[PDB]
Every structure is written in C-alpha cells, then in structure tokens.
Q: 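Handing you this structure, nothing more for now.
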Amino acid sequence: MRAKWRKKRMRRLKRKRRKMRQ
Amino acid sequence: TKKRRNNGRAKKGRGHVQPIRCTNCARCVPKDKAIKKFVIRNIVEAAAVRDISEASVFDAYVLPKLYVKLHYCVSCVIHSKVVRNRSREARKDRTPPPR
Amino acid sequence: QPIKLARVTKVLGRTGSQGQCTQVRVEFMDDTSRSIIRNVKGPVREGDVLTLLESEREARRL
Amino acid sequence: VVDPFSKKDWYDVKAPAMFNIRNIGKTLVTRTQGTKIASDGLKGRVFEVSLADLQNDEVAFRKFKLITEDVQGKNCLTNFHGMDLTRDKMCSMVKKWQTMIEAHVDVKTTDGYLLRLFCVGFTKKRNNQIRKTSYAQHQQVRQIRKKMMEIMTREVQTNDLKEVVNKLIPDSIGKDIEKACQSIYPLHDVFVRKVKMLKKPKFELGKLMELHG
Amino acid sequence: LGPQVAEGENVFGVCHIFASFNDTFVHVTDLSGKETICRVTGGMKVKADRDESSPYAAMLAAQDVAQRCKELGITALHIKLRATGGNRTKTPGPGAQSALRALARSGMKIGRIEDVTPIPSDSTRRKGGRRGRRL
RNA sequence: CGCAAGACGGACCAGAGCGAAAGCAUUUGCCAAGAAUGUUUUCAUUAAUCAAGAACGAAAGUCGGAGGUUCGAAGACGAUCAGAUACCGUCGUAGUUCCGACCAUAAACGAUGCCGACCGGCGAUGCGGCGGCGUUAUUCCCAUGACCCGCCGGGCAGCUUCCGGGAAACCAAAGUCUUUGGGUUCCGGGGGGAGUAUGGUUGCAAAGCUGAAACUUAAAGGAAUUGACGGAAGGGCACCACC
RNA sequence: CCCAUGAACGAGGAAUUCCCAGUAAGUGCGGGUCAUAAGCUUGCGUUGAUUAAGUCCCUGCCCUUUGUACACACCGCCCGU
C-alpha cells in the first residue's frame with residue numbers, strides 16, 4: 001500500500017474516533 | 001541509488017525553478033529539467049517548395065522560416081525518441097549528437 | 001507531363017517498407033549540369049536509362 | 001439567386017506620398033443602400049503592407065499598417081497607422097547567448113499624433129571573442145535602454161508624422177541607437193520593433209490630401 | 001462581379017490558413033481582412049471528423065477556395081498561416097502544407113508568406129492538468 | 001476594427017545570479033537592506049555552536065473583505081471497459097488572484113548540520129580588484145566601455161586522478177578513522193505494531209509538536225553481479241518471416 | 001473388371017501452409033506397409049515453371065543497452081476490501 005494512502009486512512013480513522021469521543 | 005549527479009536537471013545554486021507546460025501533454029515540468037528543442041524549419045515543406053516558388057509573384061522571395069520552441073517532459077521526450085536511454089557510462093556524455 | 005531520360009551514375013541504396021525501391025542518382029543527358037535522386041521500382045542497373053513521368057518530383061534522400 | 005458579390009464595388013487603396021508605390025491594392029465593399037453608406041464601411045480599414053510592396057528598395061520584414069481616413073472617387077486614401085516587424089525576423093533575431101534590450105516611449109509628434117515606439121536591440125559578440133556569451137550587466141542594459149528612449153523621443157517629438165514615417169522607412173532611429181550604444185555595449189540588431197497609433201488629432205481632410213501629394 | 005482591371009495585372013487577397021489539429025480553415029479575405037471572398041473548411045469536404053484535419057480535406061478546400069477566388073477576379077494571395085496558438089500548440093496542423101500546395105497548384109499566384117499564430121507574452125493556465133494529458 | 005476584465009510575464013533564460021530557507025524574471029522611480037572585492041581606516045577577543053525562546057517558512061487548507069480571465073478538487077454528463085465510482089472529452093463549485101488573520105507542514109533534497117585547519121591537477125563561469133601586446137566606440141589624447149592574455153580573492157559548478165575513504169554506488173569530500181580525541185548542536189539502535197493509542201500542548205477547524213505498550217516476527221533492508229522478464233530503446237537474422 | 005438412372009463445380013468465407021533452378025508442380029515404379037494388398041509416408045526417376053538476389057513491416061528467434069521489488073525467474077511478485 002502507498003504510504004500516503006495509509007496516512008489518509010489513519011487520519012480518517014482519527015476523525016471517526018473524534019466523532020466517537022466528543 | 002542515485003542515477004545522475006545532477007538529478008536529471010540543472011538546479012545548481014538555487015532552490016526553486018519556475019515550471020513550464022509540456023508542449024505534448026501539458027505536464028508541469030521544471031524549466032531546467034524539461035528537454036528543450038528549438039526547431040527552425042521552412043514554413044513550406046520540401047515538396048511544396050517547388051510549386052510555391054513557381055507560383056510566387058516575386059523573384060527570389062525566399063520563404064520565411066518557422067521558429068518553434070518545444071519543451072518536452074521526460075516521458076514525452078522519451079516516447080517521441082527525442083532522447084533515449086543510454087548505458088551507465090554513456091549517460092555522462094553531454095555533447096549533443098552531431099546531426 | 002513530358003517524358004525524359006537520365007543516365008544512372010551511382011546506385012545509392014535499397015529502401016522500402018519490405019524493400020522494393022532502389023534509390024539512385026541520375027544525370028540528365030540534355031543538360032548534364034543537373035542531377036536528381038529517384039527511387040525506381042523493380043530490378044535496376046548501373047549506367048542504364050530510366051523513364052520518368054515527372055522531372056520536378058524527388059523521393060527522400062538518406 | 002442571391003449573390004452578395006454582385007452588390008459589391010471595388011475601390012483602389014492609395015498610400016501616402018511617403019512611399020514610392022501608391023496603389024497598395026483593391027478593396028471591395030457592398031454598394032450603398034440607405035443609411036448603410038459604402039464610405040463608412042470602408043473608412044477605418046487597416047492594411048498591413050510590407051515595405052517591399054510599398055518601396056522599390058526596402059526590406060520586406062518591415063510592415064506598415066495604413067488606415068483609410070477618407071474615400072473619394074472609388075479611391076481610398078490611407079494614412080499611417082502603425083509599424084511592425086514580421087514574426088520570422090523577430091524570431092530569428094533572438095539568439096540564446098546574448099541579451100535583448102527592449103525599450104518603449106509614448107511620444108507625441110508636433111501635429112498631435114501620439115505614438116508608442118518600441119525599440120529592440122541585442123548585444124554583439126566581438127570578432128575575436130572567445131567567451132561563449134556576450135551578456136551586458138544590468139546597469140549597462142539600463143544605460144542602453146535610456147539611450148534608446150532618449151534617441152527615440154528626440155527623433156519623434158521634434159518632427160511631424162510625415163518626417164517620422166520618412167525616418168521609419170530606412171529605420172534611421174535604429175541605426176542612430178546602434179551608433180550611440182557602442183560606447184556602452186556593442187549592439188547587434190537594433191530596430192524600432194513596433195509603432196502603434198495611440199492617439200490621433202482631429203481629422204482634417206486638408207492634411208490628408210497634403211499627405212497624398 | 002470582378003474588379004474593373006483585368007487579370008493580366010495581379011489583384012491581391014489574403015488567405016488566412018488556420019491549421020488546427022482538428023480541421024483546416026482556408027479563408028480568403030480582402031487585403032484589409034475585413035471583407036471575405038470565400039471561407040471553406042476541411043470539415044465541409046469530408047463526412048468524418050477523423051479526416052476533418054487530413055491533408056486531403058485541406059487540399060480540397062484550397063482547390064475550391066482558389067476556384068471561387070478566380071471566379072471573382074483574385075489572381076494572387078497573401079498567405080497568413082496560423083496554428084491554434086494561445087497556450088496550445090504553435091505548430092500548424094497536418095493540413096497547412098497541403099492547403100498551401102493545392103492553393104499554389106490551382107492556378108494561383110503566391111504573394112508574401114507570414115506566420116500569425118497567437119503567441120502570448122505569457123498566458124493563462126493551459127487546459128491540461130499539472131500532470132497533463134495521460135493518454 | 002475596437003472596448004472591458006482578470007490572470008501571467010514567453011522567446012532572451014544558462015548545470016548563470018541573488019536570498020537563511022521557503023523563494024525570486026516587463027519598464028521606471030522611491031525605500032531600507034546585503035554579500036563579495038578594495039582598504040598601511042577603526043575597536044580590540046567583542047568569537048563558534050547552541051536547551052529555553054523567537055523571526056521566516058512552497059502548495060494545499062481555514063476564517064472575514066475584494067475580485068473573479070483562465071485552469072480546476074468535488075459534482076453533472078459523454079465516452080472506453082467484463083466492470084471504471086479512473087485514465088480521455090464537454091461543462092463546472094470550492095479553490096486558483098489580491099488584502100488582513102490563521103495553519104507551520106513537503107522527496108521543505110545535496111535525501112549530506114554549522115564553524116575551523118590541512119590535503120592533487122585542469123579548463124571554464126559570476127562578482128570585485130590588479131597587471132599587460134593588440135582590436136573596436138565615444139569623430140582625435142588619456143579615462144572608461146566591448147573584446148584578448150594572465151593573476152588574486154570569495155561564489156555556482158564541471159572534468160580528471162592509485163589523495164584517501166567506502167559494502168559498493170560513488171565522494172576532493174562522504175578524505176586527513178583500530179596510526180581511532182579541533183569545537184559544538186540535532187539525531188539513529190533488527191523489521192512490524194506505529195508516528196498508532198494515551199496524556200499534555202497549540203489551532204476556529206484540518207491538524208501540528210511531544211509520543212508508547214501489549215503483541216508479533218527471522219529477517220526486513222543497502223549496494224553491486226548473473227540470469228529471466230518488460231504493453232523499453234537500438235541493432236541482426238530467417239520463404240517452418242515478409243516483399 | 002463391364003453395364004445405366006448420377007450431384008455443387010465462371011477463380012472457391014474471414015483467414016492461411018509449403019516454396020527459389022532441374023524448383024512449385026502433374027505421373028508412374030520398389031518398400032514400412034503385405035496373404036495380390038495404398039487414399040499415408042518414404043525413395044526413385046519422369047515432363048518441368050515468370051515474379052527473388054531484397055528488407056525488418058505483419059510473424060518469430062537472437063544480440064546490445066536499459067528497468068526490475070522477478071530468481072519456483074511475468075503462468076513471477078504483490079496491495080487492499
């Protein structure tokens with residue numbers, strides 16, 4: 001996997017987690 | 001590993017070089033990295049020159065030329081055979097082909 | 001569309017896609033001061049004569 | 001059967017007396033029908049004539065744009081509207097191991113004709129020069145450009161449009177600039193690259209007829 | 001209708017040849033370019049957009065333009081050849097040289113040749129992306 | 001043939017210049033800087049590198065204001081395709097532009113910290129200075145410009161070399177290293193988990209800085225060599241290839 | 001082996017195979033065949049032909065350079081859902 005797309009997935013995961021923990 | 005000491009460009013002593021658009025694909029390529037051709041060709045072909053000169057209202061009108069500057073990117077310049085791959089030793093050579 | 005003759009002076013080479021044309025230099029008789037390059041189809045020789053239907057047309061050289 | 005070109009009349013287009021050859025060619029306009037006068041559809045037309053087709057022994061890369069200021073008796077009387085160089089000449093003049101010094105002046109002649117003159121010059125490689133390049137430093141370029149500006153202003157603001165065009169035909173301004181700049185950096189191809197009509201005075205038929213004879 | 005002066009003395013027009021890689025324009029105008037005599041394009045002479053810019057279509061267009069200009073009494077032509085210009089290609093399309101050849105072959109006199117494609121002192125952004133066309 | 005708007009400064013333009021880096025290309029003027037050279041001027045150790053702290057920092061992005069030409073994330077269609085939520089095409093929003101406030105990240109690269117010394121050669125080039133046959137311009141004299149031939153000093157580089165080094169690629173530095181110590185900052189410790197969780201801090205947001213562990217694994221990896229392969233290029237051959 | 005009712009057959013689909021001088025071909029003969037045993041093959045003569053003396057396109061095989069994360073070697077390796 002391209003490293004920048006792994007970074008993008010991690011950032012989307014972090015955003016989803018931020019929505020999880022408000 | 002490093003293929004070229006100059007990294008395939010002429011960006012020595014500066015930080016940024018303005019980009020240009022490839023004449024073929026319109027890709028953005030640094031002006032010092034793009035492969036530059038200056039083609040000075042007769043505005044009429046060597047076939048049409050006879051008819052055009054015969055039909056001219058002047059005597060020895062000398063047809064004008066056409067001065068075109070082409071800025072190929074590396075992919076387009078390789079595909080168009082303007083430059084080609086060279087051996088590891090022959091890569092260092094910088095004299096233009098004799099033509 | 002006049003027809004004229006020119007003597008072959010030097011068989012330059014063989015060209016063509018699969019190879020059918022002989023590129024050759026021909027010197028005109030009636031002038032002998034002008035020579036041209038023509039790609040003749042078929043088996044050609046050295047020193048013979050060739051019948052051209054157009055004197056103002058030349059094929060690619062080299 | 002409707003043919004627009006059976007409605008059209010052909011007029012001769014004349015050049016001002018600044019040129020050896022007067023008949024620059026023919027122009028066709030639809031015949032007058034009501035308020036759609038042929039004269040008004042014929043006035044304000046720009047003809048780009050090479051100086052070779054305007055003078056017997058002059059360069060062909062210099063073009064003059066002449067504008068039709070009046071029409072009488074199937075005859076269009078053109079006036080000087082601008083000057084230019086052909087693209088081939090300018091493209092040939094720009095080589096890659098020298099500097100191109102470019103200057104421009106907005107200057108009015110003594111008869112209200114406000115022109116914009118562009119001058120272009122190139123640094124000259126010496127006949128014994130071994131260095132590949134012939135670059136002038138920035139201050140040298142500024143001095144050359146100031147000399148260009150002052151010489152063009154002197155050659156334009158002092159005379160009228162007739163004498164201005166008369167010195168444009170052999171391009172004496174370019175030769176003067178080339179002569180003056182050998183003390184700064186020798187120049188190679190000095191030309192008044194382009195002249196354009198910025199402002200005209202009020203139209204007076206008397207002066208136009210004066211130019212046409 | 002024809003100019004009053006016969007064709008023994010040349011009457012000049014300006015043939016603007018616009019050779020883009022999609023078709024060819026052969027457009028004869030008055031010396032001032034304001035008034036046009038005949039403008040026929042390579043797309044008016046083929047039924048496929050593939051050959052809209054082919055040399056054959058350009059030669060047909062030049063032949064028809066030359067015949068139409070001869071019928072109105074224009075014997076000589078000033079040539080203003082132009083490519084697409086702007087940000088796009090400065091090289092004329094494949095039909096430019098064929099159009100000029102067929103214009104000179106159709107009993108027409110050739111005046112001065114000039115290149116008039118629009119070259120910017122600098123331009124807007126080119127149509128392609130920063131990576132450009134990728135086909 | 002004009003007019004309006006916004007964007008951008010082609011060719012000249014270079015392994016050329018300047019800037020701490022990001023970056024910087026129409027003219028002219030103003031403003032404050034700056035290196036290098038020159039210096040038998042002045043001070044006289046005032047210096048190097050630096051936790052903390054601070055300035056600047058491409059692009060994208062975020063707030064307001066102006067503008068809004070082109071191009072154009074998203075999006076709408078048209079194609080291609082087994083399928084295309086892409087490549088190609090027509091439009092096209094944010095954005096791209098400027099002003100103010102944020103953001104502080106890039107393969108922000110020379111993937112190479114800064115200061116100092118020593119260590120081969122050569123030809124170029126930029127700036128300054130010095131010396132000198134000769135040519136050319138300012139109508140003629142010196143000065144000065146443009147050339148020519150050298151020298152010196154810093155600078156961007158190049159070629160060459162059994163300097164030496166290195167796993168080699170390669171590097172006059174990546175040399176002067178088991179014959180190991182000139183000064184100093186930052187920083188790495190098998191591969192993943194992971195630049196993730198968590199706490200803290202910064203931000204309007206997007207996110208930035210700091211930053212694990214459990215667990216898992218015998219290899220990941222660097223350079224080079226020989227093959228094989230290539231919808232890479234160039235050559236050569238053959239009526240089980242063609243003409 | 002003899003007798004008669006006897007069928008497309010105006011250059012034969014896209015597309016293809018084998019061919020350079022006693023050659024493509026049309027014809028008979030001895031064999032592996034075989035108890036006389038040939039529509040196959042083999043070997044032999046037999047009458048026998050114009051494009052070809054070239055080239056690298058359609059087809060391939062080789063060579064050099066080059067790229068490689070392939071070496072079980074592209075039918076490889078490998079990413080994610």
Side-chain angles (χ1 to χ4, degrees), chain A residues 1-2 5-7 9-11 13-15 17-18, chain B residues 1-3 5-7 9-18 20 26 31-33 36 38 67-69 71 78-79 81 83-92 94, chain C residues 14-22 42-43, chain D residues 43-46 67 90-91 93-105 120 122-138 140 142-143 145-146 149 179-187, chain E residues 32-34 86-87 90 119-131 133-135:
Chain A
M1 179 168 225
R2 184 155 173 189
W5 305 145
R6 193 169 10 211
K7 184 139 101 159
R9 263 145 86 107
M10 263 150 44
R11 279 178 176 153
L13 260 178
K14 213 140 144 209
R15 251 187 274 201
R17 276 202 267 284
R18 262 176 287 195
Chain B
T1 189
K2 277 197 73 172
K3 198 176 198 177
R5 163 143 180 154
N6 66 346
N7 313 319
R9 47 183 320 165
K11 199 199 69 57
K12 295 279 188 25
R14 54 211 49 94
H16 189 245
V17 175
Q18 60 261 93
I20 54 190
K31 179 170 138 123
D32 69 354
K33 187 183 180 110
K36 271 104 77 197
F38 198 31
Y67 301 77
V68 183
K69 320 117 199 194
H71 302 160
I78 289 175
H79 184 80
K81 275 128 185 171
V83 296
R84 74 185 38 51
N85 89 304
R86 303 197 284 183
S87 35
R88 162 172 264 197
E89 175 80 293
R91 282 203 255 269
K92 316 154 134 291
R94 284 178 70 98
Chain C
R14 291 280 270 92
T15 76
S17 51
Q18 291 82 12
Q20 319 94 333
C21 320
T22 310
Chain D
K43 268 160 74 163
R45 269 188 214 190
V46 185
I67 196 156
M90 245 306 267
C91 270
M93 271 154 29
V94 189
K95 283 96 164 179
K96 211 169 104 78
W97 306 117
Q98 75 216 37
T99 110
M100 170 183 39
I101 300 104
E102 262 179 353
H104 68 77
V105 270
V120 69
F122 304 86
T123 61
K124 207 193 194 340
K125 168 158 207 185
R126 295 318 232 168
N127 32 62
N128 64 294
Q129 200 181 282
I130 303 314
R131 286 147 49 66
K132 186 185 66 190
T133 54
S134 67
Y135 296 134
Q137 313 194 99
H138 179 62
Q140 299 190 333
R142 295 168 45 87
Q143 312 169 342
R145 177 179 295 114
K146 192 148 135 284
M149 249 159 204
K179 286 165 32 202
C181 296
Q182 308 329 69
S183 331
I184 310 168
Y185 208 107
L187 297 184
Chain E
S32 49
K34 188 132 164 261
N87 344 296
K90 312 295 180 296
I119 275 72
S121 292
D122 255 2
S123 54
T124 87
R125 216 197 150 76
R126 175 115 161 250
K127 159 133 79 72
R130 108 174 298 273
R131 301 191 274 152
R133 259 193 85 205
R134 287 178 304 284
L135 156 82

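Proteins come first, then strands; the chains are lettered A, B, ... in the order of their sequence lines, and each starts at number 1.
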Q: Could you state the CZ-P distance from C/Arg14 to G/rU55, rounded to the nearest angstrom?
A: 6 Å
Q: Does the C1'-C2'-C3'-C4' torsion put F/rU45 in the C3'-endo-side north group or the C2'-endo-side south group?
A: south
Q: Any stacking for adjacent F/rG181 and F/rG182 under the 5.5 Å centre, 30° plane criterion?
A: no
Q: Determine whether more than 12 heavy atoms belonging to other residues, nucleotides or ligands lie under 6.0 Å from atom CZ of B/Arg86.
A: yes
Q: Check F/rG100 against F/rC63: Watson-Crick (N1-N3 plus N6-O4 or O6-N4) or wobble (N1-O2 and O6-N3), both under 3.5 Å. Paired or not?
A: yes
Q: Under the side-chain contact (heavy atoms from CB on, under 4.5 Å) rule, what do D/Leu187 and D/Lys124 come out as? Steps first, then yes or no, please.
A: CA-CA 5 Å; D/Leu187 297 184; D/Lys124 207 193 194 340; 5.8 Å; no
Q: Does the structure show a Watson-Crick or G-U wobble partner for F/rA7, both distances under 3.5 Å? Name it, or say none.
A: none
Q: What about G/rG22 and G/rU23, stacked or not, using centres under 5.5 Å and planes under 30°?
A: no
Q: 5'-most contact on RNA chain G: B/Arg86 or C/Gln18, nearest heavy atom basis?
A: C/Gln18
Q: Taking atom types as modelled, is there a side-chain donor on B/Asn7 or B/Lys2 under 3.5 Å from an acceptor on the other?
A: yes
Q: So, is F/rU27 syn or anti if syn means the angle is within 90° of 0?
A: syn
Q: According to a 3.5 Å cut-off on both distances, are F/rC130 and F/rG150 Watson-Crick or G-U wobble paired?
A: yes
Q: Say we look at F/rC242 and G/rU16: how far apart would their P atoms be, to the nearest angstrom?
A: 10 Å
Q: Can you tell me the base-pairing partner of G/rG12? Count Watson-Crick or G-U wobble geometry only, both distances below 3.5 Å, and say none if there is no partner.
A: none
Q: Based on the glycosidic angle (syn within 90° of 0, else anti), state the conformation of F/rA14.
A: syn
Q: Students often get this wrong, so: under 4.0 angstrom with heavy atoms, is D/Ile130 touching a base, only sugar-phosphate, or nothing?
A: sugar-phosphate
Q: Touch check for D/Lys125, heavy atoms < 4.0 angstrom, all strands: base, sugar-phosphate only, or nothing?
A: nothing
Q: Kindly check if the number of other-residue, nucleotide or ligand heavy atoms within 6.0 Å of NZ (D/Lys43) is above 12?
A: no
Q: Using a 4.0 Å heavy-atom cut-off across all strands, classify E/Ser121 as base, sugar-phosphate, or nothing.
A: base
Q: Hey, would you call F/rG68 and F/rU69 stacked, ring centres under 5.5 angstrom, planes off by under 30 degrees?
A: no
Q: Tell me whether the bases of F/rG195 and F/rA194 count as stacked, where stacked means ring centres under 5.5 Å and an interplanar angle below 30 degrees.
A: no
Q: Both distances under 3.5 Å and Watson-Crick or G-U wobble geometry: does that hold for F/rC91 with F/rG75?
A: yes
Q: What are the 5'-most and 3'-most nucleotides of RNA chain F lying under 4.0 Å from any heavy atom of chain B?
A: F/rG10 to F/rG234
Q: Give the C-alpha distance, both sets of side-chain angles, the deciding distance and a yes or no for side-chain contact (heavy atoms from CB on, under 4.5 Å) between D/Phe122 and D/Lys95.
A: CA-CA 9 Å; D/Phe122 304 86; D/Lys95 283 96 164 179; over 6 Å; no
Q: If we call a positive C1'-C2'-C3'-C4' torsion north and a negative one south, what is the sugar of F/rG181?
A: south
Q: Would F/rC71 and F/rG190 count as paired if we go with Watson-Crick or G-U wobble and both distances under 3.5 Å?
A: no
Q: Taking the sign of the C1'-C2'-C3'-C4' torsion, positive for north and negative for south, which way does the sugar of G/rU64 pucker?
A: north
Q: Does the F/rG23 / F/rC18 combination count as a Watson-Crick or G-U wobble pair, both distances under 3.5 Å?
A: yes
Q: In the strands shown, is F/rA207 matched to any nucleotide by a Watson-Crick or G-U wobble pair with both distances under 3.5 Å, and which?
A: F/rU202
Q: Mind running side-chain contact (heavy atoms from CB on, under 4.5 Å) on D/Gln140 and D/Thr99 for me, showing each step along the way?
A: CA-CA 11 Å; D/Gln140 299 190 333; D/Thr99 110; over 6 Å; no
Q: What does E/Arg131 touch in the nucleic acid at a heavy-atom separation under 4.0 angstrom: a base, only the sugar-phosphate, or nothing?
A: nothing
Q: Given Watson-Crick or G-U wobble geometry and both distances below 3.5 Å as the test, should G/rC20 and F/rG164 count as paired?
A: no
Q: Just verifying a value: how many Å separate B/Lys11 NZ and B/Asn6 CG, rounded to the nearest 0.5 Å?
A: 11.0 Å
Q: Start at the 5' end of RNA chain F and walk down; is the nucleotide closest to D/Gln140 or to B/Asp32 reached first?
A: B/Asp32
Q: Should G/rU46 be tagged north or south? The rule is the sign of the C1'-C2'-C3'-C4' torsion.
A: north
Q: Is there a base pair between F/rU178 and F/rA220, Watson-Crick or G-U wobble, given that both distances have to be under 3.5 Å?
A: no
Q: Hunt down the Watson-Crick or G-U wobble partner of F/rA157, both distances under 3.5 Å, from any strand shown, or write none.
A: none
Q: Pairing check, F/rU196 versus F/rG95: Watson-Crick or G-U wobble, both under 3.5 Å?
A: no
Q: F/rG15: syn or anti, with syn meaning chi within 90° of zero?
A: syn
Q: Tell me if the NZ atom of D/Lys146 is crowded by more than 12 foreign heavy atoms within 6.0 Å.
A: no
Q: Applying a 3.5 Å limit to both distances, which nucleotide forms a Watson-Crick or G-U wobble pair with F/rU37?
A: none
Q: Give a yes or no on whether G/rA52 and F/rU97 are a Watson-Crick or wobble pair, applying the 3.5 Å threshold to both distances.
A: no
Q: Please classify the sugar of G/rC75 as north or south using the torsion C1'-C2'-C3'-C4'.
A: south
Q: Please determine, for F/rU135, whether a Watson-Crick or G-U wobble partner exists with both distances under 3.5 Å, and give it or none.
A: F/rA146
Q: Looking at the angle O4'-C1'-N9-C4 for a purine or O4'-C1'-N1-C2 for a pyrimidine, is F/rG72 syn or anti, with syn meaning within 90° of 0?
A: anti
Q: Hey, could you give me the CD/NE2 distance between D/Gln143 and D/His138, rounded to the nearest 0.5 Å?
A: 10.5 Å
Q: Is G/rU64 paired to anything, Watson-Crick or G-U wobble with both distances less than 3.5 Å, and if yes, which nucleotide?
A: F/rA233
Q: Given the rule in the side-chain contact (heavy atoms from CB on, under 4.5 Å) test, do E/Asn87 and E/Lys127 qualify, once you have shown the distances and angles that lead to the verdict?
A: CA-CA 8 Å; E/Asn87 344 296; E/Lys127 159 133 79 72; over 6 Å; no
Q: Tell me if F/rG199 is syn or anti. Syn = glycosidic torsion within 90° of 0, anti otherwise.
A: anti
Q: Hey, would you call F/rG221 and F/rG222 stacked, ring centres under 5.5 angstrom, planes off by under 30 degrees?
A: yes
Q: Is there a base pair between F/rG199 and F/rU210, Watson-Crick or G-U wobble, given that both distances have to be under 3.5 Å?
A: yes
Q: Identify the nucleotide, in any strand shown, that forms a Watson-Crick or G-U wobble pair with G/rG43, with both distances under 3.5 Å; if there is none, say none.
A: G/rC29
Q: Would you indicate what E/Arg133 reaches in the nucleic acid, counting non-hydrogen atoms under 4.0 angstrom: base, sugar-phosphate, or nothing?
A: sugar-phosphate
